[PDB]
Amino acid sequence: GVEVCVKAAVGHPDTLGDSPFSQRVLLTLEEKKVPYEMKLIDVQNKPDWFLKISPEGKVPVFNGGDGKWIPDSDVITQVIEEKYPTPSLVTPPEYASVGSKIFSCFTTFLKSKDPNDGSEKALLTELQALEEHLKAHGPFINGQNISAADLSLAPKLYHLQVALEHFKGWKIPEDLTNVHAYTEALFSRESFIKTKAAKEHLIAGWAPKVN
């Protein structure tokens, strides 16, 4: 029986939290139609049973039914890919780094309290790179079929959209039309709706880090 431990919403131990890494794992299981049990962990009050199988307190951790719990969403999604090959979510190596700097740039811009430090511009450069890629090879990162890269990137774009609009009133420019089509499509997938954090909980997660 497949099981995954993931972070709960801050202050709400029985509600899904907002880790994009955990969401990547949950999306992978959902899209592959793999039945799983989800255990929510209050990462500010971890239970001892959890500390025993995850001694460093890491989440997500995944139990594939083979008598062990493994961390790291990169690794976990590879294990799931190998165990449940169909639908294939393999992203070709040539596109594996598409969008790879968007999240770090987003977090730097979010936390910046200087409008002129170039953090916005850096983020825009990465979004424009995503735009050109989707333009030439969309609608997903690898064209017609959804793949791993999408399930890694979409959770991170969700954070970007929600947090930047809330805390800075900032939106991805409307002229990046392929990026907008991309986020509208990914965020409205059944799997995404099922596995995302309610926006107020994601905002609560970021609030102490913004100020």
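One rule holds for the numbers: they count along the sequence shown, beginning at 1.
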{"item": "Per the entry, higher mean C-alpha B factor between 84 to 92 and 133 to 141", "value": "133 to 141"}
{"item": "Residue range whose averaged C-alpha B-factor is higher in the record, 28 to 36 or 174 to 182", "value": "174 to 182"}
{"item": "Selection from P47, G65, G169, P60 [criterion: highest C-alpha temperature factor in the record]", "value": "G169"}
{"item": "Where the record places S104 (Cα B-factor, split into thirds across the chain)", "value": "middle"}
{"item": "Chain-wide C-alpha B factor ranking for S73, given as lowest, middle or highest third", "value": "lowest"}
{"item": "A204 CA temperature factor, ranked by third within the chain", "value": "middle"}
